[PDB]
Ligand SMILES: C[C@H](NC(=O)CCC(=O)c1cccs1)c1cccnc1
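Quick heads-up: it's one chain on its own, the form solved without this ligand, in structure tokens.
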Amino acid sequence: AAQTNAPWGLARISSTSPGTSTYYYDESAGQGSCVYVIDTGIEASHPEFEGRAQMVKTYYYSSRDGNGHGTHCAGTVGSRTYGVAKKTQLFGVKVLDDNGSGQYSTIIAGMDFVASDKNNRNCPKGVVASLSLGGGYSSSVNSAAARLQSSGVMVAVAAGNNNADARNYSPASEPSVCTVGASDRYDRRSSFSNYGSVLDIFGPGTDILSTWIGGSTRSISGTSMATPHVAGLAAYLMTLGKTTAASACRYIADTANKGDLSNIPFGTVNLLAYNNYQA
């Protein structure tokens, strides 16, 4: 399949070169997989989700996304126009309030929720969790993310936006999950992206167009935007049978575009997510 005039980030992950504008992907498009978006929620009624999104859990008086961040991330995973995996099922878990904040204990609970809740859902091709959040280092947050991974969910987490070594942030610093940095349309490391030995992969993160609340769209930047590209890619590759939840992060790194990014500090991987689709 070919989607013309796609957002640059979709075109980048199906290309060996920057500067193209068509997203190429296998038509299966993540059908039969599931992605949990653990965030401010998702505006499930947005036309771009086509009935494939639903809220399954909140820790606040409402399950609505009053912020937009969760809706944007979900759009990059799985919306019809802006999404990597256009036929995946999206499940929203609201661990962040409408200001974008949440306590670590609520975030841990939402991760354990997902590890259990997947046994209530039909996801024969596999289960992914996208975590576009983080804070200072916490062993208990890392352990929660390692549990979710070990339960059979591919966990993708944002590296952080501090232009610093991600070893001091959680859950970015957990070795067993997939930690995603951000790049821009010229194949430079995004100026804000964390780096370090704990990063596994880079994805498009600057000026990322996706869904927003009120049935709208908008372009924002952050490693929070790179992470759902990789989460959606994992779901896409698992539907194709190419990899499993346990090995998807390693598979994505092995099949990535290598050496293409600039402004990568010494000791950080120079790997850009790539779907290796050959029409």
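Numbering starts at 1 and runs along the sequence shown.
S.K.: Mind pulling up the entry and telling me whether 25 to 33 or 58 to 66 has the higher mean Cα temperature factor?
M.R.: On average, C-alpha B-factors are higher across 58 to 66.
S.K.: Using only C-alpha atoms and the B-factors in the entry, which stretch averages higher, 192 to 200 or 72 to 80?
M.R.: Per the deposited B-factors, the answer is 192 to 200.
S.K.: Given 216, 40, 227, 244, identify the residue with the highest C-alpha B factor in the PDB entry.
M.R.: Going by the entry's C-alpha B-factors, 244 comes out highest.
S.K.: Could you check 110, 134, 124, 92 and tell me which one carries the biggest Cα B-factor in the deposited entry?
M.R.: Largest recorded C-alpha B-factor: 134.
S.K.: Would you please rank residue 157 by its C-alpha temperature factor against the other modelled residues of its chain and give the third it falls in: lowest, middle or highest?
M.R.: CA B-factor rank for residue 157: lowest third.
S.K.: Give the position of residue 17 by CA B-factor within its chain, expressed as the lowest, middle or highest third.
M.R.: Highest third, going by the recorded CA B-factors of the chain.
S.K.: Among the chain's modelled residues, which third holds the C-alpha B-factor of residue 166?
M.R.: As the PDB entry reports it, the C-alpha B-factor of residue 166 lands in the highest third of its chain.
S.K.: Comparing against every modelled residue in the chain, figure out the third that the C-alpha B-factor of residue 211 lands in (lowest, middle or highest).
M.R.: Tercile = lowest for this residue's CA B-factor.
S.K.: Going by the recorded CA B-factors, say which third of the chain residue 141 sits in, lowest, middle or highest.
M.R.: According to the entry, residue 141 has a C-alpha B-factor in the chain's highest third.
Another form exists, solved in complex with this ligand; not displayed. Remarks below refer to it.
S.K.: Counting only heavy atoms and a 4.5 Å cut-off, does this ligand in the bound PDB entry sit next to every one of 42, 44 and 63?
M.R.: The answer is no: none of the three residues contacts the partner (heavy atom, 4.5 Å cut-off).
S.K.: Between 111, 90, 133, 199, only one gets a heavy atom within 4.5 angstroms of this ligand in the bound PDB entry; which residue is that?
M.R.: Result of the distance check: 133.
S.K.: Should residue 57 be counted as a contact of this ligand in the bound PDB entry, where contact means heavy atoms within 4.5 Å?
M.R.: Residue 57: no, not in contact with this ligand in the bound PDB entry.
S.K.: Although this ligand is absent from this view, report whether residue 85 comes within 4.5 Å of it in the bound PDB entry, heavy atoms only.
M.R.: Heavy-atom contact with this ligand at 4.5 Å: absent for residue 85.
S.K.: Check residue 96 for me: does it contact this ligand in the bound PDB entry (non-hydrogen atoms, 4.5 angstroms)?
M.R.: Contact with this ligand, yes.
S.K.: Is residue 107 one of the residues lying within 4.5 Å of this ligand in the bound PDB entry, judged by heavy atom distances?
M.R.: The answer is yes: residue 107 has a heavy atom within 4.5 Å of this ligand.
S.K.: Within 64 to 95, which residues have a heavy atom closer than or equal to 4.5 Å from this ligand in the bound PDB entry?
M.R.: Just 69.
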